[PDB]
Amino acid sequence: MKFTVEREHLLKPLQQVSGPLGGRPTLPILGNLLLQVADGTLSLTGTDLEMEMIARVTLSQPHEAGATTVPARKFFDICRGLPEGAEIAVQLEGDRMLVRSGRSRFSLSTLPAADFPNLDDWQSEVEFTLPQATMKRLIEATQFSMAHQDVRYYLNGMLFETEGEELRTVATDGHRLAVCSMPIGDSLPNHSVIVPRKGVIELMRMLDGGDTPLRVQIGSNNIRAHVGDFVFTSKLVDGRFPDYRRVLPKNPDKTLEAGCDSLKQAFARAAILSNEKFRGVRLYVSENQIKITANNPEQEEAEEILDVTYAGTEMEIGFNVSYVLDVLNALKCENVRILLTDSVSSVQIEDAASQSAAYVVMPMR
């Protein structure tokens, strides 16, 4: 293996295949990057066991075929550390890989290419192609509601559900829920799969909001995403995801509407004097006003009052302020509509102007 490639052309791909954390990986090879030369193409591959990213770059200069693995982070830093404009001459020499540029010489350790795991050896069953914007909309709309280190491992992921013309995402930690749907334009067979946390994070990192369409392939145990010269593949979590339609409020008698930003700032201010552990906040509902209250064990008190329009009977409801905030921060719109039934039941939250995303939050006290 021998290639010579300009520094800024090699730097972008290396970034794209870079691991989220170089540190703390028990398996030695997982810390390495697989370099492979074929006719006119250099392929850089990074991987943990769960997922794998592959970047391809066309070689305009002399090259010779071969493959090897070298420590990814060291290799990245050496290229980054080289001056703007540099030509990087890589060459395999037995045990070592050599990197040469200007008057700088580097000798790296290797592990053999054939011990490098291949997590992209499966057959796709369903394929669709959509704009990056739409996948980004779906992931951002729900990602915050994913569980963290929950014993029901499937909750730690996000559900991608195709249903006819729509692609739907669902995330839920069991105390709250997010669901988002967007039409994708070609009718698909009904199919739902669970993508793990790190997969969702990587899938978001791909999407630059470019004009390049995103090609998505789904297998029975794996999922692959194409954007331009970059391919991302990940394993699928195996679990029985909970039905989102069961968690949505059955019959919500009362409806409350207000400005998202004003409601957010008011919740945020009250949250300062909420119990640091449980973050409970009381919501007092009146026909023309909502009163937000918070106190802590030291009996410090917060009180906000806003002008809202609300058709229903008056009531008190207890909420975790953080969950509401996560929801209001996710909406980023003009007006929010809250649907409530009673003090002991769940409450739906949504943008008043769009039905495409819904949020369900559990009550307190």
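Residues carry their position along the shown sequence, with the first being 1.
Exercise. 299-307 versus 35-43: which one carries the higher mean Cα B factor per the record?
Worked result: That would be 299-307.
Exercise. Looking only at CA atoms, which has the higher mean B factor in the entry: 97-105 or 127-135?
Worked result: The recorded data point to 127-135.
For this session: Have a look at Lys235, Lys74, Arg176, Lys277 and flag the one whose Cα has the highest B-factor in the entry.
Result: That would be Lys277.
Exercise. From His226, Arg168, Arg152, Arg80, which pick has the Cα B-factor that tops the rest in the entry?
Worked result: Answer, based on the entry's C-alpha B-factors: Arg152.
Exercise. Lowest, middle or highest third of the chain for the C-alpha temperature factor of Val361?
Worked result: Lowest third - that is where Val361 ends up once the chain's C-alpha B-factors are sorted.
For this session: Grab the CA temperature factor for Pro28 from the record and place it in the lowest, middle or highest third of its chain.
Result: Answer is highest: the recorded C-alpha B-factor places it there.
Exercise. Lowest, middle or highest third of the chain for the C-alpha temperature factor of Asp121?
Worked result: Highest third of the chain for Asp121's C-alpha B-factor.
For this session: Please place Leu49 in the lowest, middle or highest third of its chain by C-alpha B factor as given in the entry.
Result: For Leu49, whose C-alpha B-factor we compare with every modelled residue in the chain, the answer is the middle third.
For this session: Rank-wise, by C-alpha B-factor, drop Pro196 into the lowest, middle or highest third of its chain.
Result: Its C-alpha B-factor belongs to the middle third of this chain's values.
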